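Since the structure comes first, as structure tokens, the remarks are kept for the end.
Atoms within a ligand are numbered from 1 in the order they appear, just like the ligands themselves. All heavy atoms count here, side chains included; hydrogens, waters and symmetry mates do not. Numbers here are sequence positions counted from 1.
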Amino acid sequence: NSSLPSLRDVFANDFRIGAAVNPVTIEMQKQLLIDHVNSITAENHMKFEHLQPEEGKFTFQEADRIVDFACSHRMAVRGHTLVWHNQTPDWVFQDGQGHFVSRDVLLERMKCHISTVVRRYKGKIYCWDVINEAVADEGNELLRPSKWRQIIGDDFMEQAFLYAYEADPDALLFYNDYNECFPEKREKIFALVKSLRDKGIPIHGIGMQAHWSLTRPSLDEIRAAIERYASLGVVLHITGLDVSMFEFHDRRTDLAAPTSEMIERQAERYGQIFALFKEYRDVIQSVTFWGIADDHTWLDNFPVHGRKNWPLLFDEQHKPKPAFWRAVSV
Ligand SMILES: O[C@@H]1[C@@H](O)[C@H](O[C@@H]2CO[C@@H](O[C@@H]3CO[C@@H](O[C@@H]4CO[C@H](F)[C@H](O)[C@H]4O)[C@H](O)[C@H]3O)[C@H](O)[C@H]2O)OC[C@H]1O
């Protein structure tokens with residue numbers, strides 16, 4: 001209640017504090033957001049499928065509500081996300097006869113979408129995840145396969161950044177990805193961003209999703225990743241932080257509540273993480289959780305459909321967890 005510290009105040013001098021929302025959860029969690037965050041991200045309603053579900057049909061209504069909420073409460077907004085292998089409708093890659101479109105056609109659709117979306121929120125949204133998760137998560141290759149990449153070629157990302165920059169040259173443009181602290185994938189992300197910067201491409205930041213577990217990645221791997229990326233001269237945002245109660249191999253569905261030890265280790269893990277972020281306050285400018293309280297989290301159904309997870313600083317009744325007290329006292 002009254003005597004609880006406010007996350008954004010606690011970290012006033014370190015970084016912004018954000019949360020991913022939709023219009024429902026804005027209503028359901030309004031007070032937590034008003035009390036703690038100074039930054040908002042749309043969990044789903046600014047991805048391609050929720051902005052242009054059919055060609056020439058733009059559905060900005062839900063995204064507008066999110067932006068209106070943020071502006072009415074002095075909160076910044078991160079835009080998420082323009083170009084991604086997921087949650088993009090099929091029409092984008094097809095012609096009238098069901099076949100794939102050409103390089104030049106896909107570029108015009110990319111440019112048209114990026115221009116329409118970014119111009120609408122120009123001067124309200126201060127940064128954009130332009131490219132999401134383009135690096136390969138496994139294997140020897142640099143890049144994931146995607147229809148973006150297959151149709152256009154490997155320079156589809158340079159084009160995306162240049163289209164966004166032209167639509168709003170005052171925005172900070174980000175490459176955004178997960179498993180960003182595993183060394184092999186860290187070096188791919190580093191190598192990709194380095195090459196883009198070395199060509200003069202307007203990429204200003206790296207977004208570290210940080211969909212983490214109690215164990216992985218280690219504090220040393222997080223520190224190395226921060227330093228490797230920060231050495232490129234880019235801004236760093238932590239963009240989707242949560243601390244899952246299950247490791248990747250742990251696919252149990254029948255846990256009705258977190259254990260005493262899970263709750264305690266999570267508190268400790270969050271304390272170590274925010275200590276590391278504070279230490280690197282000079283390169284980390286924002287820390288956004290993918291949610292805010294345990295009554296809404298995508299981890300309830302990912303990677304295991306139909307279970308429950310407890311990944312955030314507040315519980316389902318919106319009360320501070322022990323993780324809260326450790327996080328604010330670094
Ligand atoms: O409602 C959900 C919505 O919340 C969700 O948003 C995206 C979630 O995060 C990002 O996408 C996922 C990142 O994590 C990957 O999974 C990893 C698999 O490999 C590891 F082992 C690791 O432990 C996992 O974290 C997923 O494959 C990605 O899709 C995006 O940036 C968000 O937009 O997604 C859509 C809605 O259903």
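- Cation-pi contact between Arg120 and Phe60: present, with separation from the ring centre below 6.0 Å and deviation from the ring axis of at most 45°.
- For atom 9 (O) of ligand 1, the nearest non-hydrogen atom of the protein is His211 NE2, 3.1 Å.
- Summarising the geometry of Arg186 relative to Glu180, their closest heavy-atom pair is CB-O, 3.7 Å, with the distance given to 0.1 Å.
- For atom 37 (O) of ligand 1, no protein non-hydrogen atom is found at a distance below 4.0 Å.
- Using a 4.0 Å cut-off to heavy atoms of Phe248, the atoms of ligand 1 that qualify are 21 (F).
- Of the protein's heavy atoms, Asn44 ND2, 3.1 Å lies nearest to atom 1 (O) of ligand 1.
- The ligand atoms of ligand 1 that sit less than 4.0 angstrom from a heavy atom of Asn179 are 19 (O), 20 (C), 21 (F), 22 (C).
- The residues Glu141 and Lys188 are annotated as not salt-bridged, no charged nitrogen and carboxylate oxygen being separated by less than 4.0 angstrom.
- Close N/O approach between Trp298 and ligand 1 is not found [any backbone or side-chain N/O within under 3.5 Å].
- At least one heavy atom of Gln87 lies less than 4.0 angstrom from ligand 1.
- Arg119 has no carboxylate O lying under 4.0 Å from a charged side-chain N of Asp168, or vice versa, which leaves the two without a salt bridge.
- Screening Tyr175, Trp84, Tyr178 for a side-chain hydrogen bond (donor to acceptor under 3.5 Å, both in side chains) involving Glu133 leaves a single residue, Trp84.
- Interface atoms of ligand 1 facing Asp137, defined by a heavy-atom separation under 4.0 Å, are 19 (O).
- Residue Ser39 holds its OG atom at 5.0 Å from OH of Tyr126, rounded to the nearest 0.5 Å.
- Looking from atom 24 (C) of ligand 1 to the surrounding protein, the closest heavy atom is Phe302 CE2, 4.2 Å.
- In terms of protein heavy atoms, atom 28 (C) of ligand 1 is closest to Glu133 OE2, 3.6 Å.
- Only the side chain of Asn132 comes within 4.0 Å of ligand 1, judged by heavy-atom distances.
- Near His80, meaning under 4.0 Å from one of its heavy atoms, ligand 1 places the atoms 31 (O), 32 (C), 33 (O).
- Any N or O atom pair closer than 3.5 Å counts here, and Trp84 shares no such pair with ligand 1.
- If you take CZ on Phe274 and CZ on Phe15, they are separated by 6.0 Å, rounding to the nearest 0.5 Å.
- Between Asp137 and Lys185, at least one side-chain nitrogen of the basic residue sits less than 4.0 Å from a carboxylate oxygen of the acidic one, meeting the salt-bridge criterion.
- Here is the list of ligand 1 atoms found below 4.0 Å of a heavy atom in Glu43: 1 (O), 2 (C), 3 (C), 4 (O).
- The shortest contact between atom 7 (C) of ligand 1 and any protein heavy atom is with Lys47 NZ, 3.7 Å.
- Across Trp290, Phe246, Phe182, heavy-atom proximity to atom 8 (C) of ligand 1 is greatest for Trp290.
- Taking a cutoff of 4.0 Å between a charged side-chain nitrogen and a carboxylate oxygen, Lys111 and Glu108 do not qualify as a salt bridge.
- Among protein heavy atoms, atom 17 (C) of ligand 1 sits closest to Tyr178 CE1, 3.5 Å.
- Between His36 and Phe314, the ring planes are tilted. Angles from 30° to 60° get that label.
- A single hydrophobic cluster is not seen to contain both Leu162 and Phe174; linkage of ILVMFWY side chains at heavy-atom distances under 4.5 Å, directly or through other members, places them apart.
- Summary of contacts: the protein heavy atom closest to atom 13 (C) of ligand 1 is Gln209 OE1, 3.3 Å.
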